[PDB]
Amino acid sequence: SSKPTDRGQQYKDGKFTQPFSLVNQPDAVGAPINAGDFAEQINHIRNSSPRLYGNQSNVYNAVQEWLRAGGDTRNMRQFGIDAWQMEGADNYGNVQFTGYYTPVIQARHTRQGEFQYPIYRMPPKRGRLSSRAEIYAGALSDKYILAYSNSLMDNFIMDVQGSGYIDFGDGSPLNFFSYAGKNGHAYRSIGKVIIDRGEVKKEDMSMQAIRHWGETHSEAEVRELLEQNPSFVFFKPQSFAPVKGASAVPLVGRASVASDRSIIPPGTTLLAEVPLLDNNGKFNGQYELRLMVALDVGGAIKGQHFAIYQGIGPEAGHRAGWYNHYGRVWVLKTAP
């Protein structure tokens, strides 16, 4: 018998042969520890997607009533809540949990250390003529610099997206910057370049592939590559815009996940025992009972697999990085 337990896998609920198994009562003790966050998450659905809210409020309401009353898994029945245990990837109830987050651009107000890569606001017409290479070489006046970032590649991802969040590190709130304009040069595919060079395989090309490539190469190498795209993007300050997933609903850290729309539709409520990790990123045998809502999707997120949205910034990125563990999940539904 081969039953590994190094990644959080457990084998105390027997074998499952159906995608969803209705349980008398979840094999989980205590109450969810993220009630507050869950309430905030539901509110976001009520305000940002009234159509989805109206389709799942029966579940949200029942769950909320259960939580205020105590939140003990042994008392869910009286609220009409049914718990459907997921089979897991190994058919033993072990569901795959990865992590994901919203990256932030670290920046400073003046050139210093690694922060040598300026992000610009719209310059006058004449200044807009310069190609990327020329701007890199100092074509634009310093007065149009919005911030000095520590990553040329991150600046390019931002160019493609059209917006991004900048963290100046001074404790102030995150600054959101949105599309303001562009230079006079047509863009060229950076993805295409690293493909024709045999750096990345055609099927592996994604924004994350380009992002990762920049992290493992020198700025000199990144600059050389980036210069192949003469287009350049200009930005403007914008009032904060909360991060939304594919359901167009603002995501709340560790209270929302990305899931397979085929087996777990958006708005679906999840009760999960999430494996706890330390600073090193290792499973210590401890679990966390959380309530989460499927509000996003992904290309590599299919089947008995959930990607827990960790939030925004470096801390969230650390958690989202070393996350590839297993836990138990019960879909909560109201008895028809």
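Each residue number is its position in the shown sequence, starting from 1.
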Legend entry - Which of 169 to 177 and 138 to 146 has higher mean CA B factor, as the PDB entry lists it: 169 to 177
Inset, instruction - Check the entry's C-alpha temperature factors for 318 to 326 and 15 to 23, then say which stretch has the higher mean. - result: 318 to 326
Inset, instruction - Just grab whichever of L225, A83, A133, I195 has the top CA B-factor as deposited. - result: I195
Inset, instruction - Choose from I119, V160, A209, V104 the residue with the greatest Cα B-factor as stated in the PDB record. - result: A209
Legend entry - Chain-relative CA temperature factor third for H185: lowest
Inset, instruction - Could you tell me which third, lowest, middle or highest, the C-alpha B-factor of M205 occupies within its chain? - result: highest
Legend entry - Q56 by Cα B-factor - lowest, middle or highest third of the modelled chain: middle
Legend entry - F235 CA temperature factor, ranked by third within the chain: lowest
Inset, instruction - Please rank the C-alpha B-factors of the chain's modelled residues and tell me whether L152 sits in the lowest, middle or highest third. - result: lowest
